[PDB]
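In this analysis, Cβ positions are derived from the backbone assuming ideal geometry, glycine residues included, and neighbour counts consider all displayed protein chains. What follows draws every value from the coordinates through simple rules; no lab data is involved.
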Amino acid sequence: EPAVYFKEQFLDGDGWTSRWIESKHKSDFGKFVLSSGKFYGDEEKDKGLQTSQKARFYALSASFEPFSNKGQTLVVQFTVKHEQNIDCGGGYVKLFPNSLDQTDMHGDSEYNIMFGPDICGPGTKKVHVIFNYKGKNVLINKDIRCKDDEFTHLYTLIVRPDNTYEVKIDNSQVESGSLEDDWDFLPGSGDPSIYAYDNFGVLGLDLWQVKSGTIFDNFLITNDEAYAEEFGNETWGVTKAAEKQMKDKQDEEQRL
Amino acid sequence: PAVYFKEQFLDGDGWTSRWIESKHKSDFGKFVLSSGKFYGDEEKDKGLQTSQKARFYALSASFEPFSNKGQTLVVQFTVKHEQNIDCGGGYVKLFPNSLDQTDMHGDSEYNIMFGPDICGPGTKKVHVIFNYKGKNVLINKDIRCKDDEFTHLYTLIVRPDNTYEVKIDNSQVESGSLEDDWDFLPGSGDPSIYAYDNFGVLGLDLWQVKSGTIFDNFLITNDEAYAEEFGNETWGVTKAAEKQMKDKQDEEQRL
Amino acid sequence: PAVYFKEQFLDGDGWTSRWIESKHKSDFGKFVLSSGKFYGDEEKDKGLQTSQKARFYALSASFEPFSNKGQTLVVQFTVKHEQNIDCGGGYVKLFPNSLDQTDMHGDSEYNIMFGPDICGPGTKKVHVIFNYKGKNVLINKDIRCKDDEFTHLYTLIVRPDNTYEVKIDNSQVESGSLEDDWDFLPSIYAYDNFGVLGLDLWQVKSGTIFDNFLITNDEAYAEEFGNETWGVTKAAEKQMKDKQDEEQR
Amino acid sequence: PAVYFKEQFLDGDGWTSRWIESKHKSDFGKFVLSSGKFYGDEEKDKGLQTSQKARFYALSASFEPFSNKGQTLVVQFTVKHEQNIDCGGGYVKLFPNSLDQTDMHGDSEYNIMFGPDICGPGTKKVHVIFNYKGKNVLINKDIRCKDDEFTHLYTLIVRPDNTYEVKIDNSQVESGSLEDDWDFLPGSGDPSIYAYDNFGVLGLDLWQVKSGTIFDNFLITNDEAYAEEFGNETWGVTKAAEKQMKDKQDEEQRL
Amino acid sequence: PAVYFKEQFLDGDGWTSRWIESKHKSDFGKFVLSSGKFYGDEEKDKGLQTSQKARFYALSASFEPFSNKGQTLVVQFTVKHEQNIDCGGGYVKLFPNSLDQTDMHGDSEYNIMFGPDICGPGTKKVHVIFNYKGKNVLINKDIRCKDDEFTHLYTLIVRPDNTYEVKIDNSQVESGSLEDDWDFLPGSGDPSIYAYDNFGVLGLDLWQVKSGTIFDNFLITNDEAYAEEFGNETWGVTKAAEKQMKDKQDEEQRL
Ligand SMILES: [Ca+2]
Ligand SMILES: [Ca+2]
Ligand SMILES: [Ca+2]
Ligand SMILES: [Ca+2]
Ligand SMILES: [Ca+2]
Ligand SMILES: [Cl-]
């Protein structure tokens, strides 16, 4: 059976406030609030963490029973909804070693992997895939376009023990290849262990936003690609059509 | 001193032309060349590493066939369970030259199987298995294997008087006679039990939950003294620097 | 040789008048007198056995108080993880006589802690902890403990020149000086008062048996007693267990 | 790892340009290059052999001077009393560079003396002597040396926290602190006792009744792990084959 | 005259309760109390000596916090590179009281760094570094440090008009204004550059190849004249006798 290292849907009211921790590294971090926003597919299911303040840094994280991806597939997946029509701001997650002090998390804390959408003005609509290796944060050399509309989108990163990876948006492949080719880690054949991290213990939302209102939901860390795809269809795939219908209706009333 | 087989994986990707993957199944785990996260020497300590969790493995190497009839047979290699293994094999198999390497699997007919096997706190055992009269006969003595994360040397010595010796880290841990330490027959005796007409392949054919085991410094020879020399030139050269590098990493982890 | 404490549990249920259960908590696991499923001698090898899974334990024995000032201190006992332990302690603690035995727990102030600690394939360690200036200072050397199912002898030697030695199965495995092998803030080694030995620890899989406790000031006597206890258990224990393993298969 | 001195006598008669005979006396015994009557390898196991009975010996080798201040000092070499010695030294001395090699003798001022000493039934001892405040201070622990006919590895480790270790055949036999294991001073302590400004010469300066002792594989380094490695590449490679050749000769002698 | 910090190590081992070892790393070198092989006065000239080769060091002393705002700041101490240093620092750092002394290291944020730095033939320099706007700004003037084996006095004077002076052996070697002698800003204008809200710790945080450097007679004060007095009562009292003892030892060495 598939291993589920982390799952968060924010289905149990305020239960999440005991699973996530705010960094105190700075005194003026923005606050996340629980919200399904102005339109949604289901008012309760579509609750997630929403950035609530403009022009702020954010730093909130959740711990889980530590694990290693050594010898295994790693899948990192979540939904992102820039309801506010974002101008400039991140929508990405970071996976940290368990040695991270959650109350001191910030932009320069050492993570293992960073993944997800980053928007800044007309020029930047990009999906980051960053691997930490030999004390450097190495950025993917392929150009992956992210979504930028107001609707909920599913982001999936797959990393395999043969050093292959795949990136999906809305459960459909948008990029793939090998770590040795698509990042500048090192000369020659490569190092067959690049993909692997001794320890994963925390998932962080650690990012900057000008216009706020982004909602993060349906986080999943697993070792099974098929399961990730299922869960994507049970979450994003259930949100999608009703969300779009409610928003069309509101747009019409606005016009009128 | 006859050297029937030697593998140290010193010549880059050269090993990929000396070893053959079985296609008996479609979902065998893959070996990769690696010295892992700590080592005595980054290059010397490269070996074959299991790269996937909860898998069967099946990779082999041929050599000029030989018979141990009338002679001493020595089988030796290093094993390193870097990953702190929960359950998995670390043993080799010696096969007749009639083995189809591309069809090797758990039920292929081997001559001898030798080496460490771990499964939970309860099983930490060295297997010594002889194939005789279509049965795979298991040693009756209980030999404890090593279980830590470091590189260990495993040596099997089989002699034409049907005596055998097992060594770990170049030091004897078990010895006796085939007739006493296995149930081949109800009483004495068949003085030829030790002997095989043909050896042609060495296989790594095994199961692993947590992966990351590294195999290096394989030797098949007819000379005990040479085996001991080679063991000191390989394992014996790895040992102290490996332990020093790992202590350092453990300390940095603690801070 | 001074014998400050000896316990071999040889006199039936006599031990129940020498040891005291902490009531600090209501759900501590219970020790039971047992030689387990295999042994060298069904009677001699009786000792205190942890009887419940996933529990804290807290049982202690008092003795006529003493100080090690100007003397060698030797702490010795046998540990047998019969159950093939996954995670759990096998160490003792030596406490000042000011300890309330009926309130002993994990945070009670001890002088010295010593012995095997196992938690998963990754940790198989011998603790040597000294209490100094209100800190519990952990040895900086890495000492591997035993992890099989058989009875093993653990011995800590502390000398008035601030040297120490650790033995397993009556054979040295570690040695040095207190000043080098711990980060202490000349008599670091010395305590005004020892009055209680406690088994205060955690266990997932239970079944560990503790026997043959000795606190003495004589290294040679400790070694003798080790050979008269562990050394007499060893071979017959292993033989009975090999036999049971064969029948099992 | 710093290698201050290495000598294996592998380059024929090359050694004769690296070692100097004292002329302090006219009747010193002579060293000769030899692997003796039995060996693991006739060439590799060549070393300096005492060639005359009831004699003083005095031969030395210079190296680029160094200080062990702030660092680990490791002194290591092999000794083989092939002749079954009755009485004689097998130890080395490390000297300051101010030593006149041509005048070396029993009373020359050394920094450290280390190694086996045998004299009759009573004495089989490893010396560890430190020169301090114009006295030669003898270790207070009793360390047994080897006395059979085979090659043994002797290793002294001295560390800048004033700890030391002694190994025989790459395995610890003694350890502790300088302040405790020698009478330098009435109490602690002078943390610099371990340290010498200058090492420039290694000497074999000693007495022998029955001659035939072979010295090989000298190493002075600052790295314990490297010393252990080199030990396993030298002693560890001689060991088994040496023993096998000698057993064979013992058997033939008996018949 | 305010004395914010004074250390002469005159009260035996008393210093061990005034200074704290960083535990940021496990392998920092250790300071030991020592007057070395030569000295003016065996007791007075005790100071902190680096005891291990090729190591980072990290030891610090706290004092009642203060600010130099509106006042003169004088930082003074003696340095003796007894070992004839090849490469290594001899400088101090003044830290804010917010520093965790048990975590001090090379990247901890200091206010001011001052003192000699030697690295090979090319570098014999006195550092004067001011932390400003999250940068560590290095003086633009080239100040030669001393490099012989003897004890030298180093003095930094910083004044509330943003002037500074550097002295060696109680005699001026450099002077000027902060705005001219560092690149804080493209042009003149921040008169408070000299000033720090708080000083709470003095650290020895540095690297050394060849070890043996002795630090003594630390003084932090607000009075230039008092610094000069103390310098003459410390360095000035060490100087002549130290030189005389060392000449005597050099002469004995030459014979
Ligand atoms: Ca939700
Ligand atoms: Ca190799
Ligand atoms: Ca008992
Ligand atoms: Ca040689
Ligand atoms: Ca002083
Ligand atoms: Cl009971």
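Criterion first (away from ligand 3 (no atom under 16 Å from the Cβ) and more than 11 Å from chain A (Cβ to nearest Cβ)) does B:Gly29 satisfy it? Taking the combined requirement at face value, the residue does not satisfy it. All conditions but one from (1) under 16 Å from C:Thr151 (Cα atoms); (2) of a type in the set (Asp, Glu); (3) away from chain B (no Cβ under 14 Å) apply to C:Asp100; the one that does not is (1). In segment D:147-172, which residues are among the β-branched types (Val, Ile, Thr) and within 16 Å of the chain's Cα centre (by Cα)? Result: D:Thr151, D:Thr155, D:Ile157, D:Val158, D:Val166, D:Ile168. Taken over segment A:34-57, the criterion of being farther than 10 Å from A:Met246 by Cβ and either within 16 Å of ligand 2 (Cβ to nearest atom) or of a type in the set (A, V, I, L, M, F, W, C) (or both) is satisfied by A:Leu34, A:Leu49, A:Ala55, A:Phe57.
When C:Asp183 is tested against (1) over 30 Å from D:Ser175 (Cβ atoms); (2) among the acidic types (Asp, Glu); (3) assigned to a loop (DSSP other than H, G, I, E, B), only condition (1) is not met. Quick check: anything in segment C:54-64 of a type in the set (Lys, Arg) and more than 15 Å from C:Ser22 (Cβ to Cβ)? So far as segment C:54-64 goes, no, none of its residues is of a type in the set (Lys, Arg) and more than 15 Å from C:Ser22 (Cβ to Cβ). Here is a check on your reading of the model: is D:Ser17 more than 13 Å from D:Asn217 (Cβ to Cβ) and over 18 Å from the mean Cα position of the chain (by Cα)? Considered against the rule, which asks whether it is more than 13 Å from D:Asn217 (Cβ to Cβ) and over 18 Å from the mean Cα position of the chain (by Cα), D:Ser17 comes out as yes.
Residue count for segment B:52-102 under the criterion of being under 30 Å from A:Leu74 (Cα atoms) and among the acidic types (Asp, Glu): the result is 2. For beta carbons closer than 8 Å, sequence separation of 6+ or different chains, a first residue in segment D:157-175 that is more than 11 Å from every other protein chain (Cβ to nearest Cβ) and a second that is of a type in the set (S, T, N, Q) and assigned to a loop (DSSP other than H, G, I, E, B), the qualifying pairs are D:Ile157/D:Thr72; D:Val158/D:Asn68; D:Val158/D:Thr72. Does E:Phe56 satisfy the criteria of being within 14 Å of chain D (Cβ to nearest Cβ) and in a strand (DSSP E or B)? So E:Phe56 fits the description; yes. Is it true that C:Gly36 is within 15 Å of ligand 6 (Cβ to nearest atom), crowded, with 19+ Cβ neighbours inside 10 Å and more than 16 Å from the chain's Cα centre (by Cα)? Here the answer is yes, as C:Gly36 does meet what is asked.
Selection over segment D:46-60 of residues that are buried (at least 18 other Cβ atoms within 10 Å of the Cβ), under 25 Å from D:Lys239 (Cβ atoms) and away from ligand 4 (no atom under 13 Å from the Cβ) gives a count of 1.
Say we look at segment B:218-251 and pick out the residues that are β-branched (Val, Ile, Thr) and part of a helix (DSSP H, G or I); which of these is nearest to the other protein chains (Cβ to nearest Cβ)? By that ranking, first place goes to B:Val237. One residue stands out among those in segment C:162-186 that are polar (S, T, N, Q) and within 17 Å of C:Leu138 (Cα to Cα): the one that is farthest from the other protein chains (Cβ to nearest Cβ), which is C:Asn162. Taken over segment C:1-28, the residue count meeting the criterion of being within 13 Å of ligand 6 (Cβ to nearest atom) and surrounded by 15 or more Cβ atoms within 10 Å (Cβ to Cβ) is 4. Scanning segment B:203-213 for residues that are surrounded by fewer than 20 Cβ atoms within 10 Å (Cβ to Cβ) and within 14 Å of chain A (Cβ to nearest Cβ) turns up at least one hit. Any residue in segment E:171-181 that is in a loop (DSSP other than H, G, I, E, B) and of a type outside the set (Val, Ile, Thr)? Checked segment E:171-181: no residue is in a loop (DSSP other than H, G, I, E, B) and of a type outside the set (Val, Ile, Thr). Every test in (1) under 16 Å from the mean Cα position of the chain (by Cα); (2) surrounded by fewer than 20 Cβ atoms within 10 Å (Cβ to Cβ) is passed by C:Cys119 save one, and that test is (1).
When A:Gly91, A:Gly30, A:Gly71 are screened for being among the small types (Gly, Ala, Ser) and within 16 Å of the chain's Cα centre (by Cα), only A:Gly91 passes.
No other residue among C:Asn140, C:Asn193 is surrounded by fewer than 18 Cβ atoms within 10 Å (Cβ to Cβ) and touching a helix residue (DSSP H, G or I) at 6+ places or on another chain (Cβ under 7 Å) apart from C:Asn140. Sub-8 Å Cβ pairs linking a first residue in segment E:28-49 that is under 21 Å from E:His105 (Cβ atoms) to a second residue that is near ligand 5 (Cβ under 8 Å from one of its atoms), at least 6 apart or interchain, are E:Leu48/E:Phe9; E:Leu48/E:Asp216, ordered by first then second residue.
Residues being within 14 Å of chain D (Cβ to nearest Cβ) and not in a strand (DSSP E or B) are represented in segment C:188-208 by at least one member. The residues of segment C:114-140 that are more than 18 Å from C:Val92 (Cα to Cα), at the interface with chain B (Cβ under 10 Å from one of its Cβ atoms) and not polar (S, T, N, Q), listed by number, are C:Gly120, C:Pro121, C:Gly122.
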